[PDB]
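Student: Handing you this structure, nothing more for now.
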Amino acid sequence: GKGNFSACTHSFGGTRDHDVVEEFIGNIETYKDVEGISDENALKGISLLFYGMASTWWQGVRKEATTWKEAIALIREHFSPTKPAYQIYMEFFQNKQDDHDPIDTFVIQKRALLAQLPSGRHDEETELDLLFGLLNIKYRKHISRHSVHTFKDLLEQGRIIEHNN
Amino acid sequence: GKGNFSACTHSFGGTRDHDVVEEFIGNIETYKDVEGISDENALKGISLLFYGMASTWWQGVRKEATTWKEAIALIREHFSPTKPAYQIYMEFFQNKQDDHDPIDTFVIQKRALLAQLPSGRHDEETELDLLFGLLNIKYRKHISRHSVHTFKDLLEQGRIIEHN
Amino acid sequence: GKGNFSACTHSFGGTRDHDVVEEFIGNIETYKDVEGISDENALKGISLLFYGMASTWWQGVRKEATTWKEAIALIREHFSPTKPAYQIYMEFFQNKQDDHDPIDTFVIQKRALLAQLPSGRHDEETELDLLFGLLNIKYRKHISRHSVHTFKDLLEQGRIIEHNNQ
Amino acid sequence: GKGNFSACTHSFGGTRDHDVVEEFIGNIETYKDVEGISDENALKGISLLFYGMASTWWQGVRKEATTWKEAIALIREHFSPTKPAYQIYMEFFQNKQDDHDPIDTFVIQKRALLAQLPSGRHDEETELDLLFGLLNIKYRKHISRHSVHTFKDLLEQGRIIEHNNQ
Amino acid sequence: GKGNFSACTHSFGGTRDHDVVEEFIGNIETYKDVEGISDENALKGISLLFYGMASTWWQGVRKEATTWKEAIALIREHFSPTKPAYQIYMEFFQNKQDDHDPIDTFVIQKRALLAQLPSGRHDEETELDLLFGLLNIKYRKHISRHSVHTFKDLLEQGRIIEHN
Amino acid sequence: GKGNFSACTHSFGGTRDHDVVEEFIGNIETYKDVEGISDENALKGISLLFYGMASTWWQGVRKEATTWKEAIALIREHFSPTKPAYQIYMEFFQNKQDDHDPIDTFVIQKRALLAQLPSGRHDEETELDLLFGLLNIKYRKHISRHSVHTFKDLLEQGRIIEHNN
Amino acid sequence: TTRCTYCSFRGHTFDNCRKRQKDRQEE
Amino acid sequence: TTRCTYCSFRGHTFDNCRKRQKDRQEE
Ligand SMILES: [Zn+2]
Ligand SMILES: [Zn+2]
Numbered sequence: 041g042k043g044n045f046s047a048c049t050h051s052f053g054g055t056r057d058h059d060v061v062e063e064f065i066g067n068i069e070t071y072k073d074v075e076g077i078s079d080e081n082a083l084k085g086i087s088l089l090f091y092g093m094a095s096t097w098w099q100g101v102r103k104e105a106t107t108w109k110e111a112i113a114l115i116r117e118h119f120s121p122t123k124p125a126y127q128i129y130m131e132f133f134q135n136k137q138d139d140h141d142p143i144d145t146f147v148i149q150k151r152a153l154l155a156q157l158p159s160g161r162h163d164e165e166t167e168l169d170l171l172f173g174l175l176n177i178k179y180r181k182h183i184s185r186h187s188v189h190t191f192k193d194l195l196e197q198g199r200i201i202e203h204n205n
Numbered sequence: 041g042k043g044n045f046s047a048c049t050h051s052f053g054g055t056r057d058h059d060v061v062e063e064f065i066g067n068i069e070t071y072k073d074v075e076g077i078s079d080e081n082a083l084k085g086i087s088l089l090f091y092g093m094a095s096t097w098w099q100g101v102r103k104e105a106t107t108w109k110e111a112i113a114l115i116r117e118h119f120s121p122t123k124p125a126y127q128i129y130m131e132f133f134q135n136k137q138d139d140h141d142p143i144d145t146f147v148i149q150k151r152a153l154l155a156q157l158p159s160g161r162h163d164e165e166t167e168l169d170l171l172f173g174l175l176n177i178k179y180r181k182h183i184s185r186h187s188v189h190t191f192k193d194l195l196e197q198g199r200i201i202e203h204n
Numbered sequence: 041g042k043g044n045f046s047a048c049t050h051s052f053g054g055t056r057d058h059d060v061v062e063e064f065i066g067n068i069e070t071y072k073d074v075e076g077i078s079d080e081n082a083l084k085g086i087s088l089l090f091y092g093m094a095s096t097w098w099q100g101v102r103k104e105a106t107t108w109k110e111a112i113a114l115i116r117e118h119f120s121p122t123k124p125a126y127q128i129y130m131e132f133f134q135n136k137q138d139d140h141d142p143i144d145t146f147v148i149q150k151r152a153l154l155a156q157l158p159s160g161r162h163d164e165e166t167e168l169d170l171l172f173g174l175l176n177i178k179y180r181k182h183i184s185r186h187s188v189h190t191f192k193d194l195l196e197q198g199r200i201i202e203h204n205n206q
Numbered sequence: 041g042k043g044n045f046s047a048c049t050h051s052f053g054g055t056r057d058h059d060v061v062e063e064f065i066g067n068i069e070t071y072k073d074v075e076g077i078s079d080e081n082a083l084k085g086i087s088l089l090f091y092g093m094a095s096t097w098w099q100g101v102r103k104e105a106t107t108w109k110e111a112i113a114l115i116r117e118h119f120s121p122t123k124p125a126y127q128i129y130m131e132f133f134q135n136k137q138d139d140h141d142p143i144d145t146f147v148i149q150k151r152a153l154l155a156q157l158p159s160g161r162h163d164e165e166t167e168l169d170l171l172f173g174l175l176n177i178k179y180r181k182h183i184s185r186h187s188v189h190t191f192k193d194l195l196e197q198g199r200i201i202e203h204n205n206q
Numbered sequence: 041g042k043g044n045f046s047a048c049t050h051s052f053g054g055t056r057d058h059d060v061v062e063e064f065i066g067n068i069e070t071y072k073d074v075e076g077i078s079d080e081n082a083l084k085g086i087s088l089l090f091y092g093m094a095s096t097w098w099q100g101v102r103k104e105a106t107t108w109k110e111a112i113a114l115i116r117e118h119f120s121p122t123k124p125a126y127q128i129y130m131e132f133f134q135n136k137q138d139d140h141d142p143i144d145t146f147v148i149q150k151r152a153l154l155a156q157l158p159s160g161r162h163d164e165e166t167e168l169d170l171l172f173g174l175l176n177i178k179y180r181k182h183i184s185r186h187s188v189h190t191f192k193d194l195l196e197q198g199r200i201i202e203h204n
Numbered sequence: 041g042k043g044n045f046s047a048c049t050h051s052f053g054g055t056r057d058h059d060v061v062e063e064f065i066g067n068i069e070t071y072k073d074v075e076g077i078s079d080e081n082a083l084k085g086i087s088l089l090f091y092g093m094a095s096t097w098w099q100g101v102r103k104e105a106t107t108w109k110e111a112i113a114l115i116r117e118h119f120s121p122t123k124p125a126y127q128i129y130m131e132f133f134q135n136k137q138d139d140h141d142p143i144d145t146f147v148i149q150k151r152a153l154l155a156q157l158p159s160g161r162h163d164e165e166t167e168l169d170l171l172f173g174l175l176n177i178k179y180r181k182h183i184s185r186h187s188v189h190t191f192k193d194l195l196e197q198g199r200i201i202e203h204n205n
Numbered sequence: 224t225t226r227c228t229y230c231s232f233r234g235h236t237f238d239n240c241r242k243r244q245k246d247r248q249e250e
Numbered sequence: 224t225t226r227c228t229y230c231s232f233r234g235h236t237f238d239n240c241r242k243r244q245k246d247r248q249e250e
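Chain order of the listed sequences is B, A, C, F, D, E, G and H. Mapping to the authors' numbering: the first sequence position 128 is 168, numbers consecutive. Mapping to the authors' numbering: the second sequence position 137 is 177, numbers consecutive. Mapping to the authors' numbering: the third sequence position 161 is 201, numbers consecutive. Mapping to the authors' numbering: the fourth sequence position 83 is 123, numbers consecutive. Mapping to the authors' numbering: the fifth sequence position 129 is 169, numbers consecutive. Mapping to the authors' numbering: the sixth sequence position 26 is 66, numbers consecutive. Mapping to the authors' numbering: the seventh sequence position 23 is 246, numbers consecutive. Mapping to the authors' numbering: the eighth sequence position 16 is 239, numbers consecutive.
The following block contains the structure:
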């Protein structure tokens, strides 16, 4: 029911992205859940993980924290900004697919970029209608817009059109 | 028990072939069943296994998953397409076994690839009759189709002929 | 939860800088408070945390101490003087912001240097007033002192003014 | 001491040699006997010890088994035939001792190859008689078959005859 | 408690200087006292610490050791013998401090080296009078021997003069 | 009260010396004493440590063992012979000290080579008398044989003669 | 990916590692 | 004992190490 973080292999040096902060916070959560450390006994030991710029940052803001929840909220708030609405739409229409790229990677990326909008703002139909207008000419000359509905079918038609070529 | 996947060593990338995805799903299911983790608790921890492109794919479709069954269903449907029959028939009868490949390695692959056809459409006799048309001249000169009956004796006669 | 110093991985050499001594004293104190070691039992086993360059010094002055606070104060006195306030105020106004660093790193460093003054002498407003005189001309010509309402807002307006390609 | 196969570090691929399959089956059996896992519980979780080249084969023949002994016998039958006795006797008399190897390595290898015959068919004396016909001429011209009696003596006289620079 | 030295990280080689042997003996003694190992049980496990030449030396003289005290006595007697006085006095007055060395580093070494003389032969006054003849011109021009009394004020006046 | 040897870093490949076999047997003994494994539950797991030639050797002789003690005795017996009497005396007089070697290393080696004789066969006086006749000329021209007794003094005279030069 | 060269753990880079930087290594 | 190059424990040679030889490494 007690112990330090000194045994861990994870450390967060501070970089402004999403995947790194998410993976680090998840690993720290699994470690604290697995070794049984309690909530108020855990906050005192948190300093050992940071290094470089993160150590100076934690030395800065420290009296505003009081429990574990506030610490996670502060890290997430200062090291991964929430992008506003319009930048996502601007990023979405500035990158048409190239001749050398399978349908799967393109659809997966363009779908992963669309979930950051506030929930419930879009329907499957309107989103799929938005997705066209960027597919390269090799696929648009066969499948027609009024012969598809959900995302399960577009991948099917794309695979059959790919294997024939 | 220790109701989490934290101890697992298994992982999965973006590869596209039947074998890797099949062994991955089977290992995760057997690990879920042997160590006593609860049916519902595992779903919260599923995200710790994926890496690389698979993590982006999981970010793309979290809204549809609900319980433990539909997640494996989504994996098998997005990474395990039910191949249609004619491509399987074309892929079989290609690449006749070469002189070096042993009988056991050749038989196990050709039988593992024949299970993707729709269930119940073929009995043992026609299956063995299809398989007996690609073996090299070395194994065919001695055994003859009238001799072997079931799908097991062929391995025995092939092993005894391969001992020398 | 009985224990002692035997398992600790921290250690200290003979280096004569400042940051090393500060980080070492902080780590050792947080460890002693977290693992529950007795307030007097620790002094009987402190010798297991010294290299070969400071062990002779600890052997030379063992008898001029009686309780844990005096020993920590003695280490701080011999190996690195504590900073008085006026040197901190002198350092704060020396190097003005350059022409390339993003606002975030500047605010982080300045906040890191301002927590070493005694606590409670400076609330949020006067601190924001002291920090605002050194920003580079790219930011001072848009945002003004009329609306800041603490630090969280200044970083937000600076980020929106920085994404716009100046 | 409850447990299962989840923690085991041993594993087996698709290799078609003999020593690998033998060492693997021996390690897995000794582990199952040491940690006390139930005689039937192990069969429900054996699938966690196979690579990507043999997992398809295990998927293809799962239903032709019911208890642990049959599964081990099936692995041995498909991936590597067991050696019958006559091949062992054939291998024993092929390569006579060279002109440079020390007596110790020769006795160790010959004893290693003679334990695979069924137990109790050969006591110490006839084994010493079979081994004695292949020694190199440097040793046969001094020590004789009069006085050896047990394996322990032959190594001793060979070491004393080897230290003397032939 | 865990009556064995198995967890210790300390080690010892064949080096010949007072400092290494002193810190080694002190660390082993404090470890023996803090963790509660029995007075007699430690002797059976002492051989696991030595390495290199020291292991051969321990192989050479096991017959004479009996209890815990005589082992450390043998270590202190066969690696660092008590030095005779005249070599220590010659070591003293050699290597006058250079311009770069700070006052604290110079004072701690010169006092650590003066403790090997026979006990009780010198009081504080003559010791400080001996030490005050090797400091550079920089620290000597301001402080004067009539001012400082004990062995502590010299550090304070030296620090204030060294601040600038 | 149970466990395997799998979590160890020691392995014995088989080499005909003394120091290696001694250090390996000592490390295995400390490991078994520290993790609490019992005697008859420990013999079954011993196979995992050996590799290379040692594995074939253990595959050879196995039915002659029954408990832990017999296993240690067999390893010590087959992998580190006891030298008879005369070879030690022959080795002892075939290596006089060179001009470049301190007294300490020489006396330590020649003493370490003499303890393998059966115990109680020699007293300090006769051994120290045997030790002379090999010291190099730099030391024999000052200290005289009738001015020393125990080993504590010869090192003293050698050190004072060394520092003067 | 980028397995730590020294400790053989997938959690960081060469420059910074607990065994190498401190724990009285680099002797 | 000539620290293991890979695992960095003084217990063996480079050729033979539990993590490298087996434990599904060398991918
Ligand atoms: Zn590392
Ligand atoms: Zn290793």
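Ideal placement from N, C-alpha and C gives every residue a C-beta, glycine not left out.
Given this structure, state the Cα-to-Cα distance separating residue 105 of chain E from residue 111 of chain E, to the nearest angstrom.
Tutor: Counting from 1 along the sixth sequence, the entry for residue 105 of chain E is found at position 65. Counting from 1 along the sixth sequence, the entry for residue 111 of chain E is found at position 71. In a straight line, the C-alpha of residue 105 of chain E is about 6 Å away from that of residue 111 of chain E.
Student: Here's a check: name, in chain order, each residue in its chain whose Cβ is nearer than 7 Å to the Cβ of residue 77 of chain F, leaving out the five neighbours to either side.
Tutor: Translated into positions along the fourth sequence, residue 77 of chain F becomes position 37. Correct list, in chain order: 43, 44.
Student: Any beta carbon of chain B sitting closer than 8 Å to that of residue 237 of chain G?
Tutor: The sequence position of residue 237 of chain G within the seventh sequence is 14, counting from 1. It does not; no Cβ of chain B falls within 8 Å.
Student: Count Cβ pairs between the stretch 84-91 of chain F and the stretch 67-86 of chain A that sit closer than 8 Å; are there 3 or more?
Tutor: yes
Student: Can you tell me which of C:181, C:147, C:64, C:58 puts its alpha carbon nearest to the alpha carbon of residue 48 of chain C?
Tutor: By one-based count along the third sequence, residue 48 of chain C stands at place 8. Closest by alpha carbon: C:64.
Student: Give me the subset of the stretch 49-67 of chain E whose CB atoms are less than 7 Å from a CB atom of chain H, sorted by chain position.
Tutor: Within the stretch 49-67 of chain E, the residues whose Cβ lies closer than 7 Å to any Cβ of chain H are, in chain order, 49, 50, 51.
Student: From residue 126 of chain C to residue 246 of chain H, what does the alpha carbon distance come to, in whole angstroms?
Tutor: Along the third sequence, one-based indexing puts residue 126 of chain C at 86. Along the eighth sequence, one-based indexing puts residue 246 of chain H at 23. Rounded to whole angstroms, residue 126 of chain C and residue 246 of chain H show a C-alpha spacing of 60 Å.
Student: Please report the straight-line C-alpha distance between residue 91 of chain D and residue 50 of chain D, rounded to a whole angstrom.
Tutor: As a first step, residue 91 of chain D must be located in the fifth sequence, where it is residue number 51. As a first step, residue 50 of chain D must be located in the fifth sequence, where it is residue number 10. Whole-angstrom Cα-Cα distance: 11 Å.
Student: Helix, strand or coil, according to DSSP, for residue 52 of chain A in the structure here?
Tutor: For the purposes of this step, residue 52 of chain A is taken as residue 12 along the second sequence, with counting starting at 1. Reduced to three states, the DSSP call for residue 52 of chain A is strand.
Student: Would residue 245 of chain H pass as an interface residue toward chain G - the criterion being a Cβ-Cβ separation below 8 Å?
Tutor: In the eighth sequence, counting from the first residue as 1, residue 245 of chain H sits at position 22. Between residue 245 of chain H and chain G, the shortest Cβ-Cβ separation is not below 8 Å.
Student: Suppose contacts are defined by Cβ-Cβ distances below 8 Å. Is residue 149 of chain D in contact with residue 123 of chain D by that definition?
Tutor: Along the fifth sequence, one-based indexing puts residue 149 of chain D at 109. Along the fifth sequence, one-based indexing puts residue 123 of chain D at 83. Not in contact: residue 149 of chain D and residue 123 of chain D (Cβ atoms no closer than 8 Å).
Student: Could you give the C-beta distance for residue 177 of chain E and residue 197 of chain E, rounded to a whole number, given that I count them as a contact under 8 Å?
Tutor: If you number the sixth sequence from 1, residue 177 of chain E lands on position 137. If you number the sixth sequence from 1, residue 197 of chain E lands on position 157. That belief does not hold up - the Cβ atoms of residue 177 of chain E and residue 197 of chain E are roughly 15 Å apart, past 8 Å.
Student: Considering Cα atoms alone, identify which of A:107, A:116, A:175, A:171 is closest to residue 138 of chain A.
Tutor: Within the second sequence, residue 138 of chain A is the residue found at index 98, counting from 1. Of A:107, A:116, A:175, A:171, the residue nearest in Cα terms is A:175.
Student: Apart from the five residues on each side of it in sequence, which residues of its chain come closer than 7 Å, Cβ to Cβ, to residue 280 of chain G?
Tutor: Outside the shown range of chain G (224 to 250) lies residue 280 of chain G, about which nothing can therefore be said.
Student: Output the distance between the C-alpha atoms of residue 119 of chain E and residue 57 of chain E, rounded to the nearest integer angstrom.
Tutor: By one-based count along the sixth sequence, residue 119 of chain E stands at place 79. By one-based count along the sixth sequence, residue 57 of chain E stands at place 17. Going by the C-alpha atoms only, they are around 8 Å apart.
Student: Taking the beta carbon of residue 146 of chain B as the centre, do at least 16 other beta carbons fall within 10 Å, making it buried, or is it exposed?
Tutor: Stepping through the first sequence from its first residue, residue 146 of chain B is reached at position 106. It is buried - the Cβ of residue 146 of chain B has at least 16 other Cβ atoms within 10 Å.
Student: Does residue 160 of chain E come within less than 8 Å of chain F when only Cβ atoms are used?
Tutor: The residue given as residue 160 of chain E occupies position 120 in the sixth sequence. Chain F, which has no Cβ nearer than 8 Å to the Cβ of residue 160 of chain E, makes this no.
Student: For chain H, find out if any of its Cβ atoms is closer than 8 Å to the Cβ of residue 91 of chain E; answer yes or no.
Tutor: Sequence index remark: in the sixth sequence, residue 91 of chain E carries index 51 (1-based). Yes, residue 91 of chain E lies at the interface with chain H (some Cβ there is under 8 Å from its Cβ).
Student: Whose Cβ in chain A lies nearer than 9 Å to the Cβ of residue 166 of chain B?
Tutor: For the purposes of this step, residue 166 of chain B is taken as the residue at position 126 of the first sequence. Those do not exist, as residue 166 of chain B stays about 16 Å from chain A at its closest Cβ, beyond 9 Å.
Student: Measuring straight from C-alpha to C-alpha, what distance separates residue 96 of chain D and residue 55 of chain E?
Tutor: As a first step, residue 96 of chain D must be located in the fifth sequence, where it is residue number 56. As a first step, residue 55 of chain E must be located in the sixth sequence, where it is residue number 15. For residue 96 of chain D and residue 55 of chain E, the distance between alpha carbons rounds to 19 Å.
Student: To the nearest angstrom, how far is the alpha carbon of residue 67 of chain D from that of residue 88 of chain C?
Tutor: Counting from 1 along the fifth sequence, the entry for residue 67 of chain D is found at position 27. Counting from 1 along the third sequence, the entry for residue 88 of chain C is found at position 48. Approximately 6 Å between the Cα atoms of the pair.
Student: Starting from residue 113 of chain F and walking both ways along the alpha helix (DSSP H), at which residues does that stretch end?
Tutor: Start at 1 with the first residue of the fourth sequence, and residue 113 of chain F comes out as number 73. Residue 113 of chain F -> alpha helix (DSSP H) spans 108-119.
Student: Using only the heavy atoms of ligand 1, determine whether one of them is closer than 7 Å to the beta carbon of residue 64 of chain B.
Tutor: On the first sequence, position 24 is the one that residue 64 of chain B refers to. Outside the cutoff, so no.
Student: Under 7 Å Cβ to Cβ from residue 228 of chain H, same chain only, skipping five residues before and after it: list those, please.
Tutor: In the eighth sequence, residue 228 of chain H corresponds to position 5, counting from 1. Excluding positions up to five away in sequence, the list reads 237.
Student: Near residue 190 of chain A, what residues of its chain come up, given a Cβ to Cβ distance below 7 Å and the 5 sequence neighbours on each side ignored?
Tutor: For the purposes of this step, residue 190 of chain A is taken as the residue at position 150 of the second sequence. Taking C-beta separations shorter than 7 Å and ignoring five residues to either side along the sequence, the partners of residue 190 of chain A in its chain run 164, following chain order.
Student: What does DSSP give as the partner residues of residue 90 of chain D in its beta bridges?
Tutor: Position 50 of the fifth sequence, counted from the first residue, corresponds to residue 90 of chain D. Beta-bridge pairing links residue 90 of chain D to D:52.
Student: Going by the CB atoms, is the gap between residue 172 of chain A and residue 185 of chain A shorter than 8 Å?
Tutor: Working through the second sequence from its first residue, we reach residue 185 of chain A at position 145. Working through the second sequence from its first residue, we reach residue 172 of chain A at position 132. Yes.
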